[PDB]
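Protein chains in written order, with the UniProt record's numbering: chain U, 69 to 122; chain X, 39 to 93. A quick write-up on the structure given underneath.
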């Protein structure tokens, strides 16, 4: 799975066991471990609270 | 002068059959060490990858 976090470079990791890979459409926002760096949990999309203040 | 001849060359022949049997299993065990080397090669890419581009 090819993911690019917002903070920098690109990475290639895999799921844990039960991450239900059909959920991962290209462009979804997911979670990653800090050390092992594999995928943990599919997450809902960002809100960018500059939107929320308006 | 004959009896000296097969007292050398028979011993040569059985020594050579000794190592001819050994070298087969030698070359066998080298492939197992080679498969260990293969797994040592394969495990260089499992959990990470850090994408760059070739310059």
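Where a beta carbon is used, it is the ideal one built from N, C-alpha and C, also for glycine.
Interface residues of the stretch 40 to 62 of chain X facing chain U [CB-CB below 7 Å] = none
Taking the continuous alpha helix (DSSP H) assigned at residue 79/X, which residues delimit it?
-> As a working note, residue 79/X is residue 41 in the second chain. Taken as a continuous stretch (DSSP letters only), the alpha helix (DSSP H) holding residue 79/X covers 43 to 80.
Contact belief for residue 89/X with residue 79/U at Cβ below 8 Å, rounded distance in angstroms = If you number the second chain from 1, residue 89/X lands on position 51. If you number the first chain from 1, residue 79/U lands on position 11. That belief holds up - the Cβ atoms of residue 89/X and residue 79/U are roughly 7 Å apart, short of 8 Å.
Thinking C-beta only, is residue 106/U closer than 7 Å to residue 81/U?
-> Here residue 81/U corresponds to residue number 13 of the first chain, with the count starting at 1. Here residue 106/U corresponds to residue number 38 of the first chain, with the count starting at 1. Taking 7 Å as the Cβ cut-off, residue 81/U and residue 106/U qualify as a contacting pair.
Tell me whether the beta-carbon of residue 97/U lies closer than 7 Å to the beta-carbon of residue 113/U.
-> Numbered from its first residue, the first chain carries residue 97/U at position 29. Numbered from its first residue, the first chain carries residue 113/U at position 45. In this structure, residue 113/U lies closer than 7 Å to residue 97/U by Cβ.
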